file final28.cif (mmCIF, C-alpha atoms (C1' of nucleotides))
data_coords
#
loop_
_atom_site.label_atom_id
_atom_site.label_comp_id
_atom_site.auth_asym_id
_atom_site.auth_seq_id
_atom_site.Cartn_x
_atom_site.Cartn_y
_atom_site.Cartn_z
CA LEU A 1 14.57 154.35 102.63
CA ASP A 2 18.25 153.59 103.35
CA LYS A 3 19.29 157.23 103.10
CA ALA A 4 21.76 156.83 106.00
CA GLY A 5 22.85 160.36 106.89
CA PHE A 6 24.70 159.52 110.10
CA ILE A 7 28.47 159.97 110.53
CA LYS A 8 30.56 157.90 113.02
CA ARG A 9 31.51 161.12 114.85
CA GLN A 10 27.85 161.29 116.01
CA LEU A 11 28.34 157.79 117.44
CA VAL A 12 31.47 158.62 119.41
CA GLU A 13 29.75 161.92 120.34
CA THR A 14 26.83 159.98 121.82
CA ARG A 15 29.37 157.90 123.74
CA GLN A 16 30.96 161.14 124.99
CA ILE A 17 27.71 162.76 126.14
CA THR A 18 26.62 159.55 127.90
CA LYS A 19 29.94 159.11 129.73
CA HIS A 20 29.85 162.76 130.86
CA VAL A 21 26.15 162.92 131.87
CA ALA A 22 26.57 159.69 133.87
CA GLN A 23 29.12 161.35 136.09
CA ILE A 24 27.34 164.69 136.19
CA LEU A 25 23.97 163.29 137.20
CA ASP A 26 25.71 160.87 139.59
CA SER A 27 26.85 163.88 141.65
CA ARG A 28 24.00 166.35 141.12
CA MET A 29 21.12 164.19 142.41
CA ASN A 30 22.84 162.45 145.35
CA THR A 31 24.07 165.15 147.73
CA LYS A 32 23.84 163.88 151.30
CA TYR A 33 26.18 161.34 152.85
CA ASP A 34 25.54 158.60 155.37
CA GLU A 35 27.25 158.02 158.71
CA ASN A 36 30.08 156.01 157.09
CA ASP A 37 31.08 158.76 154.58
CA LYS A 38 29.19 157.39 151.58
CA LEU A 39 26.74 159.36 149.46
CA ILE A 40 23.05 158.77 150.06
CA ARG A 41 21.41 157.69 146.80
CA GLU A 42 17.90 159.08 147.03
CA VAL A 43 17.81 158.98 143.22
CA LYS A 44 19.41 156.14 141.27
CA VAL A 45 20.76 156.84 137.79
CA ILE A 46 20.05 153.65 135.83
CA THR A 47 21.89 152.77 132.60
CA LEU A 48 19.77 150.67 130.21
CA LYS A 49 21.52 149.30 127.11
CA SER A 50 20.01 150.03 123.69
CA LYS A 51 19.77 146.32 122.79
CA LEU A 52 17.21 145.53 125.51
CA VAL A 53 14.76 148.34 124.64
CA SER A 54 15.18 147.63 120.89
CA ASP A 55 14.43 143.91 121.35
CA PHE A 56 11.57 144.92 123.67
CA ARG A 57 10.00 146.92 120.84
CA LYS A 58 10.70 144.11 118.35
CA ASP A 59 9.49 141.09 120.37
CA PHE A 60 6.06 142.47 121.27
CA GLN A 61 4.89 144.05 117.97
CA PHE A 62 5.49 147.56 119.33
CA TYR A 63 7.48 148.77 116.32
CA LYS A 64 8.90 152.26 115.77
CA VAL A 65 9.15 154.27 112.54
"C1'" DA B 1 22.73 127.18 119.76
"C1'" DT B 2 22.32 135.42 115.96
"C1'" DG B 3 22.26 138.85 113.36
"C1'" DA B 4 18.81 144.72 114.15
"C1'" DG B 5 19.58 148.96 116.05
"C1'" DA B 6 22.06 155.04 114.09
"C1'" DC B 7 18.22 158.30 107.20
"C1'" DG B 8 18.98 165.50 102.50
"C1'" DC B 9 20.55 173.32 101.33
"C1'" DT B 10 17.48 176.12 102.64
"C1'" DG B 11 16.90 180.55 102.81
"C1'" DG B 12 17.52 184.25 100.41
"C1'" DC B 13 17.64 186.17 96.58
"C1'" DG B 14 15.75 187.25 91.62
"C1'" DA B 15 12.51 186.67 88.67
"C1'" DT B 16 8.93 185.17 87.06
"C1'" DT B 17 3.89 184.70 86.95
"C1'" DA B 18 -0.47 186.67 88.50
"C1'" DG B 19 -3.85 190.13 89.37
"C1'" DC B 20 -6.66 194.37 91.36
"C1'" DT B 21 -9.32 198.48 93.55
"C1'" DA B 22 -9.24 203.06 94.05
"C1'" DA B 23 -9.03 208.39 93.68
"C1'" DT B 24 -10.30 212.50 90.25
"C1'" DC B 25 -12.81 214.48 87.43
"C1'" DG B 26 -15.96 215.34 83.83
"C1'" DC B 27 -20.56 214.70 81.49
"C1'" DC B 28 -24.62 214.72 81.32
"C1'" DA B 29 -28.93 213.69 81.96
"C1'" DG B 30 -36.29 212.62 76.63
"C1'" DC B 31 -38.95 216.39 75.28
"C1'" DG B 32 -42.36 219.08 71.86
"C1'" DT B 33 -47.19 220.66 71.39
"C1'" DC B 34 -52.49 221.15 71.27
"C1'" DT B 35 -57.55 220.17 72.26
"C1'" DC B 36 -61.37 219.29 75.57
"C1'" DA B 37 -63.73 219.63 79.87
"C1'" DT B 38 -63.28 219.50 85.18
"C1'" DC B 39 -63.03 221.43 89.81
"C1'" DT B 40 -60.77 224.19 93.47
"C1'" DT B 41 -58.07 228.38 95.69
"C1'" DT B 42 -56.21 233.23 96.14
"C1'" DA B 43 -56.02 239.57 95.81
"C1'" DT B 44 -59.88 243.29 96.33
"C1'" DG B 45 -64.78 244.70 97.13
"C1'" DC B 46 -70.67 243.45 102.08
"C1'" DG B 47 -73.14 241.69 107.23
"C1'" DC B 48 -73.02 241.34 114.99
"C1'" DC B 49 -74.68 237.36 117.59
#
call {"tool": "encode", "arguments": {"input": "final28.cif", "output": "structure tokens"}}
result
Amino acid sequence: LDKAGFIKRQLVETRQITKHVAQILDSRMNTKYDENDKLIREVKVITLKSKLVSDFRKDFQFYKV
DNA sequence: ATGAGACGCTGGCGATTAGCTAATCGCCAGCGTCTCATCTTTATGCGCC
């Protein structure tokens, strides 16, 4: 079962795509600005860590295969 | 009063492996008899409401 086909470059690649998308989506959804020259955040881009969702699947018998 | 979450060559070959109607034409077709009787029906020939 422990085939383990992943390569570290896919890890740093995931880090790359997340860092880029965060700053792409941060500017593509919020377009208007307020009266004090600050962008109006009609849509909030929320960054949830992997550890929380993993433990959420693990601590409530909602496992994933 | 820390220790899980992230899993391969396949497609494009050969080369097995397996299996099937169809289109063209030819051949070749159980048959032999008699008896006996039986009825019809036809060709021609003859008659007026």
call {"tool": "residues_around", "arguments": {"input": "final28.cif", "residues": "segment 48-61 of chain A", "least_positions_apart": "6", "cutoff": "12 Å", "atoms": "all atoms listed in the file", "output": "JSON, numbers by chain"}}
result
{"A": [18, 22], "B": [4, 5, 6]}
call {"tool": "interface_residues", "arguments": {"input": "final28.cif", "of": "chain A", "to": "chain B", "cutoff": "8 Å", "atoms": "only C-alpha atoms (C1' of nucleotides)", "output": "ChimeraX atom specification"}}
result
/A:1-6,11,50-51,54
call {"tool": "atom_distance", "arguments": {"input": "final28.cif", "atom1": "atom CA of residue 29 of chain A", "atom2": "atom CA of residue 46 of chain A"}}
result
12.5 Å
call {"tool": "atom_distance", "arguments": {"input": "final28.cif", "atom1": "atom CA of residue 47 of chain A", "atom2": "atom CA of residue 25 of chain A"}}
result
11.7 Å
call {"tool": "decode", "arguments": {"input": "final28.cif", "residues": "segment 28-49 of chain B", "atoms": "N, CA and C atoms (P, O5', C5', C4', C3', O3' and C1' of nucleotides)", "output": "CSV table (one decimal), in the first residue's frame"}}
result
chain,number,residue,atom,x,y,z
B,28,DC,P,-25.9,-35.4,-61.7
B,28,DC,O5',-26.7,-36.2,-60.6
B,28,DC,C5',-27.1,-35.5,-59.4
B,28,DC,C4',-28.5,-35.2,-59.4
B,28,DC,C3',-29.3,-35.7,-60.6
B,28,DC,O3',-30.5,-36.3,-60.1
B,28,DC,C1',-29.8,-33.5,-60.2
B,29,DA,P,-31.2,-37.5,-60.9
B,29,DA,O5',-32.6,-37.8,-60.1
B,29,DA,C5',-32.6,-38.1,-58.8
B,29,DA,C4',-33.3,-37.0,-58.0
B,29,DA,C3',-34.8,-36.9,-58.2
B,29,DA,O3',-35.5,-36.6,-57.0
B,29,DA,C1',-33.9,-34.9,-58.9
B,30,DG,P,-35.9,-37.7,-56.0
B,30,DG,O5',-36.1,-39.0,-56.9
B,30,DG,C5',-36.7,-40.1,-56.4
B,30,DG,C4',-37.1,-40.9,-57.6
B,30,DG,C3',-38.5,-40.7,-58.1
B,30,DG,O3',-38.4,-40.2,-59.5
B,30,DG,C1',-38.0,-43.0,-58.0
B,31,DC,P,-39.7,-39.9,-60.4
B,31,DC,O5',-39.9,-41.3,-61.2
B,31,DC,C5',-38.7,-42.0,-61.7
B,31,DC,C4',-39.2,-43.2,-62.4
B,31,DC,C3',-40.6,-43.2,-62.9
B,31,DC,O3',-40.6,-43.6,-64.3
B,31,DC,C1',-40.1,-45.2,-61.7
B,32,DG,P,-42.0,-43.9,-65.0
B,32,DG,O5',-42.1,-45.4,-64.9
B,32,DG,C5',-41.0,-46.2,-65.1
B,32,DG,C4',-41.4,-47.6,-65.6
B,32,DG,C3',-42.9,-47.9,-65.6
B,32,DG,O3',-43.5,-47.4,-66.8
B,32,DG,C1',-41.8,-49.7,-64.5
B,33,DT,P,-45.0,-47.0,-66.7
B,33,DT,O5',-45.8,-48.5,-66.8
B,33,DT,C5',-45.5,-49.2,-68.0
B,33,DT,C4',-45.9,-50.7,-67.8
B,33,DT,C3',-47.3,-51.0,-67.5
B,33,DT,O3',-48.0,-51.0,-68.7
B,33,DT,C1',-46.0,-52.2,-65.9
B,34,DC,P,-49.5,-50.4,-68.8
B,34,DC,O5',-50.4,-51.6,-68.6
B,34,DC,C5',-50.0,-52.8,-69.2
B,34,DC,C4',-50.5,-54.0,-68.5
B,34,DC,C3',-52.0,-53.9,-68.1
B,34,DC,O3',-52.8,-54.3,-69.2
B,34,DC,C1',-50.7,-54.6,-66.2
B,35,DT,P,-54.3,-53.6,-69.3
B,35,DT,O5',-55.2,-54.5,-68.4
B,35,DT,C5',-55.2,-55.9,-68.5
B,35,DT,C4',-55.7,-56.5,-67.3
B,35,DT,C3',-57.1,-55.9,-66.8
B,35,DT,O3',-58.1,-56.4,-67.5
B,35,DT,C1',-55.6,-56.1,-65.0
B,36,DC,P,-59.1,-55.4,-68.3
B,36,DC,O5',-60.5,-55.6,-67.6
B,36,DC,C5',-60.7,-56.7,-66.8
B,36,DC,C4',-61.2,-56.2,-65.4
B,36,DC,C3',-62.0,-55.0,-65.4
B,36,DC,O3',-63.3,-55.2,-65.9
B,36,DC,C1',-60.4,-54.8,-63.7
B,37,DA,P,-63.7,-54.5,-67.3
B,37,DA,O5',-64.9,-53.6,-66.9
B,37,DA,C5',-66.0,-54.0,-66.2
B,37,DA,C4',-66.0,-53.3,-64.9
B,37,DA,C3',-66.4,-51.9,-64.9
B,37,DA,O3',-67.8,-51.8,-64.9
B,37,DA,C1',-64.5,-52.0,-63.6
B,38,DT,P,-68.6,-50.8,-65.9
B,38,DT,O5',-68.8,-49.5,-65.1
B,38,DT,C5',-69.0,-49.5,-63.7
B,38,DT,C4',-68.5,-48.3,-63.0
B,38,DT,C3',-68.7,-47.0,-63.8
B,38,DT,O3',-69.9,-46.5,-63.4
B,38,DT,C1',-66.4,-47.1,-63.1
B,39,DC,P,-71.1,-46.6,-64.5
B,39,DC,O5',-71.9,-45.2,-64.4
B,39,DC,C5',-71.7,-44.2,-65.3
B,39,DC,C4',-70.7,-43.2,-64.7
B,39,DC,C3',-70.4,-41.9,-65.5
B,39,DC,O3',-71.4,-41.0,-65.3
B,39,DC,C1',-68.4,-42.8,-64.6
B,40,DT,P,-72.6,-40.8,-66.3
B,40,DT,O5',-72.5,-39.3,-66.7
B,40,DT,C5',-71.6,-38.9,-67.7
B,40,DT,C4',-70.5,-38.0,-67.2
B,40,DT,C3',-69.9,-37.0,-68.2
B,40,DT,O3',-70.5,-35.8,-68.2
B,40,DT,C1',-68.2,-38.3,-67.2
B,41,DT,P,-71.5,-35.4,-69.4
B,41,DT,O5',-70.9,-33.9,-69.8
B,41,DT,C5',-69.7,-33.5,-69.2
B,41,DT,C4',-68.5,-33.5,-70.2
B,41,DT,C3',-68.9,-33.5,-71.7
B,41,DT,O3',-69.3,-32.2,-72.1
B,41,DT,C1',-67.1,-34.9,-71.3
B,42,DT,P,-70.2,-32.0,-73.4
B,42,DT,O5',-69.1,-32.0,-74.6
B,42,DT,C5',-68.1,-31.0,-74.6
B,42,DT,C4',-67.0,-31.4,-75.5
B,42,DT,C3',-67.3,-31.7,-77.0
B,42,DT,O3',-67.3,-30.5,-77.7
B,42,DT,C1',-66.0,-33.5,-76.2
B,43,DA,P,-68.5,-30.3,-78.8
B,43,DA,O5',-67.8,-31.0,-80.1
B,43,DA,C5',-66.6,-30.5,-80.6
B,43,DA,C4',-66.3,-31.1,-82.0
B,43,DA,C3',-67.5,-31.5,-82.8
B,43,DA,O3',-67.9,-30.5,-83.6
B,43,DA,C1',-66.1,-33.4,-82.5
B,44,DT,P,-69.4,-29.9,-83.5
B,44,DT,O5',-70.2,-30.8,-84.6
B,44,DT,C5',-69.7,-30.8,-85.9
B,44,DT,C4',-69.9,-32.2,-86.6
B,44,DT,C3',-71.4,-32.6,-86.7
B,44,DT,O3',-72.1,-31.9,-87.7
B,44,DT,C1',-70.0,-34.4,-86.0
B,45,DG,P,-73.3,-31.1,-87.3
B,45,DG,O5',-74.6,-32.1,-87.3
B,45,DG,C5',-75.1,-32.5,-88.6
B,45,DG,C4',-75.4,-34.0,-88.6
B,45,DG,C3',-76.6,-34.5,-87.9
B,45,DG,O3',-77.7,-34.4,-88.8
B,45,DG,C1',-74.9,-35.8,-87.2
B,46,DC,P,-78.9,-33.3,-88.7
B,46,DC,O5',-80.2,-34.0,-88.9
B,46,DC,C5',-80.7,-35.0,-87.9
B,46,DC,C4',-82.1,-34.7,-87.6
B,46,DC,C3',-82.5,-33.2,-87.5
B,46,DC,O3',-84.0,-33.2,-87.5
B,46,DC,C1',-82.2,-34.1,-85.3
B,47,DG,P,-84.7,-31.8,-87.8
B,47,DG,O5',-85.6,-31.5,-86.4
B,47,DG,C5',-86.2,-30.3,-86.3
B,47,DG,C4',-87.3,-30.3,-85.2
B,47,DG,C3',-87.5,-29.0,-84.5
B,47,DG,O3',-88.9,-28.7,-84.3
B,47,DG,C1',-86.6,-30.7,-83.1
B,48,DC,P,-89.5,-27.2,-84.5
B,48,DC,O5',-90.9,-27.1,-83.8
B,48,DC,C5',-91.7,-25.9,-84.0
B,48,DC,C4',-91.7,-25.0,-82.8
B,48,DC,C3',-92.0,-23.6,-83.1
B,48,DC,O3',-92.7,-22.9,-82.0
B,48,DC,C1',-89.9,-23.8,-82.1
B,49,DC,P,-93.5,-21.5,-82.4
B,49,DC,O5',-94.1,-20.9,-81.0
B,49,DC,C5',-94.9,-21.7,-80.2
B,49,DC,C4',-94.4,-22.0,-78.8
B,49,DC,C3',-94.0,-20.7,-78.0
B,49,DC,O3',-95.1,-20.4,-77.1
B,49,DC,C1',-92.3,-22.4,-77.9
